[PDB]
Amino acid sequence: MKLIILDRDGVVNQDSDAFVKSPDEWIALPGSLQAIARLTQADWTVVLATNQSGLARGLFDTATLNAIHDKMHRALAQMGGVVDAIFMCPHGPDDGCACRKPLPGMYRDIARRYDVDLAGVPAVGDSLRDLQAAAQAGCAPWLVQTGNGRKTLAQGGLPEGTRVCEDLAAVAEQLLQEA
């Protein structure tokens, strides 16, 4: 198999200062859905690992979150792309869970789901906590410049060997060039 793990806000869809709280607030970033479609057609398994503290904060309920992902799924499907699974942390910053990035919980759950070693698995994020979670779990971190990515890059302290791309479309192009 060829696994790739993606953060959601700031990588697939536009981040929001106010949280993404409804389907209308979920807006794909240019090229991101097409990027997923390319990887899908090249036989990659694409999985999300996303912090969704909006649930713990009571900003929206699981029905609404499922509707957001339904919107994503439909948009991707028409392009021939598929997200195989969504791993998500519903907790807030001080809720003491195992799954909130930068903890590696979700990445560990993904490894268990597919029964794989995460060595060399690309994990794409826009925030330092994405890179740290992925690196701790054994992945190869990739940082995009959408979302929080420019700030993350500027602040440094990235895991050694983190690769930097302008957006998810550029990441997919690089993976497929180097295939």
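Residue positions are given as counts along the sequence shown, with the first one as 1.
Mean CA temperature factor is higher for 19-27 when stretches 19-27 and 165-173 are set side by side in the entry. Here the stretch with the larger average CA B-factor, out of 132-140 and 43-51, is 132-140. Looking only at 98, 79, 85, 88, the residue with the top Cα B factor in the deposited structure is 79. Within the group 37, 116, 153, 123, the record's highest C-alpha temperature factor is found at 116.
In this PDB entry, residue 58 carries a Cα temperature factor that places it within the highest third of its chain's modelled residues. Annotation for residue 64: C-alpha temperature factor in the highest third relative to the rest of the modelled chain, per the entry.
Annotation for residue 157: C-alpha temperature factor in the highest third relative to the rest of the modelled chain, per the entry.
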